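Residue numbering restarts at 1 for every chain, and letters A, B, ... go by the order of the sequence lines. Remember, it's 1-based here, ligands and their atoms both numbered in the order they're listed.
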Amino acid sequence: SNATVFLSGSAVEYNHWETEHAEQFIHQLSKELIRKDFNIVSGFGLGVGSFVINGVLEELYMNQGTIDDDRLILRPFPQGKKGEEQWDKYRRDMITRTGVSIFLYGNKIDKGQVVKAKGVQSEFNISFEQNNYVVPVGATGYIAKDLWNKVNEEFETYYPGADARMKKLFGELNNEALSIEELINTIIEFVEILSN
Amino acid sequence: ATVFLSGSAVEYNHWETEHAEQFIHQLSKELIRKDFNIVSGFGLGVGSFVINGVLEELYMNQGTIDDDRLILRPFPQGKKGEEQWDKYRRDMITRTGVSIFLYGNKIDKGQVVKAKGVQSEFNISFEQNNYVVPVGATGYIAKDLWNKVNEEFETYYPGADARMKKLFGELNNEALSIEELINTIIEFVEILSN
Ligand SMILES: Nc1ncnc2c1ncn2[C@@H]1O[C@@H]2COP(=O)(O)OP(=O)(O)OC[C@H]3O[C@@H](O[C@H]2[C@H]1O)[C@H](O)[C@@H]3O
Ligand SMILES: Nc1ncnc2c1ncn2[C@@H]1O[C@@H]2COP(=O)(O)OP(=O)(O)OC[C@H]3O[C@@H](O[C@H]2[C@H]1O)[C@H](O)[C@@H]3O
């Protein structure tokens, strides 16, 4: 049954979408996950985490709810050298309660240049190591695209025994022509199948 | 007992940056050791060190972040997030019974200014009938709040005894070492927590 997902991602740019449009996508994806009775773990990634929070708080507070209901589990990363020493252990810890991991975007500024986000790759590896189903949203580009290609290349390793609907939905995760609503509905239906 | 840890900083009064970070780290670690839980809003200059101190204790004692000894509520940044900040603060402080205030400064209009968000969290704490622990020795908003409470002491700590009054005074003693200031804070919280 629908349980807890890890929502992985970071961004300073959003492939073919303007920032405000990608923010709406992340906000509405997070809201729809809540409305479908999922819980979310988020590491508050730059360019992503704030909009996850925004979508969840909209749904909670329209219902006089509370962040203490643990629909959204927040694990912001400690910044600086001491913090970085714990990031691997912290990731392995925070992913434990999740069973499905979703990957979005994955890019950051390093030395004044936009580069791929290795932390999203690390979260993919950790997720797979505990036998989570992984959901790389290739249409969002960057690491998520690399991960989508990796999974596509060894599909039966990641989704053994998948049915035709799963295969179609997986392909649509990489369809850059889909609207926000169409891409969200693809992700949600795929994650529901993987949770059931 | 669950405490709200309020604070933000881009500078740290008289202290060397790493020493102030270590103070925040060690305060958080010793709160965990003395069996408190912490709610943190992940304030700039503060939140990372709260996390560092808690993780150090948890991960040397076979612990997990899921035991909710440290409850994290990072703030959504941007215009939409700002619209929810007051409701988010009132929400996250609800489960706490005591609030601690550290530092409280930020950049505004190119300048280091006192952090109004820490003042807002003080007012919410008071409105929810939390006890307040303003660590005046850390300067900035926390010192303003220490002075305010000191001037209206019986409003905030009715019926306090000599020991409580001594500890409250020591919260503003800038001569104390890191460990002495931490011990003052936690012994005061222990009184306020029953
Ligand atoms: N001032 C900051 N304040 C708060 N948070 C920050 C800041 N600056 C960076 N962050 C975030 O720290 C994490 C560790 O950094 P990182 O591993 O180098 O980042 P990444 O490679 O982009 O990985 C992305 C994945 O890690 C996590 O968020 C990353 C960064 O977004 C999420 O779980 C992502 O899914
Ligand atoms: N890029 C950022 N990433 C993450 N977090 C950030 C960033 N930039 C700012 N923050 C934090 O947002 C909160 C709202 O901001 P604010 O109200 O303007 O801040 P403040 O006046 O300094 O209040 C301080 C109190 O608020 C909360 O953290 C503040 C800021 O530190 C805590 O609970 C404090 O105890």
Side-chain angles (χ1 to χ4, degrees), chain A residues 6-12 26 40-50 52-53 73-80 83-88 90-95 98 101-110 114-127 140 142-144 147, chain B residues 4-10 24 38-48 50-51 71-78 81-86 88-93 96 99-108 112-122 124-125 140-142 145:
Chain A
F6 186 75
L7 188 50
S8 176
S10 58
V12 296
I26 297 164
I40 298 166
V41 179
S42 168
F44 191 62
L46 295 179
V48 173
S50 284
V52 176
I53 293 166
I73 304 300
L74 294 165
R75 267 88 180 92
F77 279 63
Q79 303 296 310
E84 288 178 24
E85 290 172 12
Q86 296 280 38
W87 284 0
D88 174 76
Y90 191 48
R91 282 177 169 129
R92 293 176 181 283
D93 192 12
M94 78 180 67
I95 289 170
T98 73
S101 300
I102 301 168
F103 304 87
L104 310 177
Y105 300 106
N107 65 80
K108 65 182 164 192
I109 300 298
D110 183 41
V114 179
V115 303
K116 287 172 176 184
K118 292 181 179 173
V120 176
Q121 176 72 240
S122 295
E123 289 162 4
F124 178 93
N125 294 342
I126 291 165
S127 292
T140 65
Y142 314 96
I143 290 289
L147 295 172
Chain B
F4 184 71
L5 194 46
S6 176
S8 57
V10 294
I24 297 167
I38 298 165
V39 177
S40 170
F42 191 63
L44 295 179
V46 172
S48 287
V50 175
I51 294 168
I71 294 157
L72 294 161
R73 278 88 177 78
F75 279 59
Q77 305 296 308
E82 288 176 23
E83 288 167 7
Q84 299 277 37
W85 283 359
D86 193 64
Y88 192 49
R89 282 177 168 129
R90 291 180 180 277
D91 187 9
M92 75 179 73
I93 295 171
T96 73
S99 300
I100 301 167
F101 304 85
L102 310 179
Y103 298 105
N105 65 78
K106 70 195 284 205
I107 299 303
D108 186 51
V112 175
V113 302
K114 285 179 219 173
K116 295 304 179 183
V118 176
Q119 172 92 256
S120 301
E121 291 167 0
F122 179 91
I124 290 163
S125 294
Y140 310 98
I141 284 281
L145 296 173

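Contact detail for B:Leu145 and B:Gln119: the closest heavy-atom pair is CD2-OE1, 3.7 Å. The two atoms that bring A:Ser50 and B:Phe75 nearest to each other are OG-O, 4.2 Å, heavy atoms only. Closest non-hydrogen pair, B:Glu121 versus B:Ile93, comes out as O-CD1, 4.1 Å.
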What pairs of donor and acceptor atoms, side-chain ones from residues 102-109 of chain A against any protein atom, are under 3.5 angstrom apart with sequence neighbours left out?
| from | atom 1 | to | atom 2 | distance (Å) |
| --- | --- | --- | --- | --- |
| A:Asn107 | OD1 | A:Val12 | N | 2.8 |
| A:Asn107 | OD1 | A:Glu13 | N | 3.2 |
| A:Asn107 | ND2 | A:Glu13 | O | 2.9 |

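Scored by the side-chain hydrogen bond (donor to acceptor under 3.5 Å, both in side chains) test, A:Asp88 finds A:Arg92 as partners (sequence neighbours excluded). Residues passing the side-chain hydrogen bond (donor to acceptor under 3.5 Å, both in side chains) test with B:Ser99 are B:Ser125, B:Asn130, sequence neighbours excluded.
Protein residues with a heavy atom closer than 4.0 Å to ligand 2 are A:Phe44, B:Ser6, B:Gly7, B:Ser8, B:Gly41, B:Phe42, B:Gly43, B:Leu44, B:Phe75, B:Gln77, B:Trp85, B:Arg89, B:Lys106, B:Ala115, B:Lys116, B:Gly117, B:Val118, B:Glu121, listed by chain and number.
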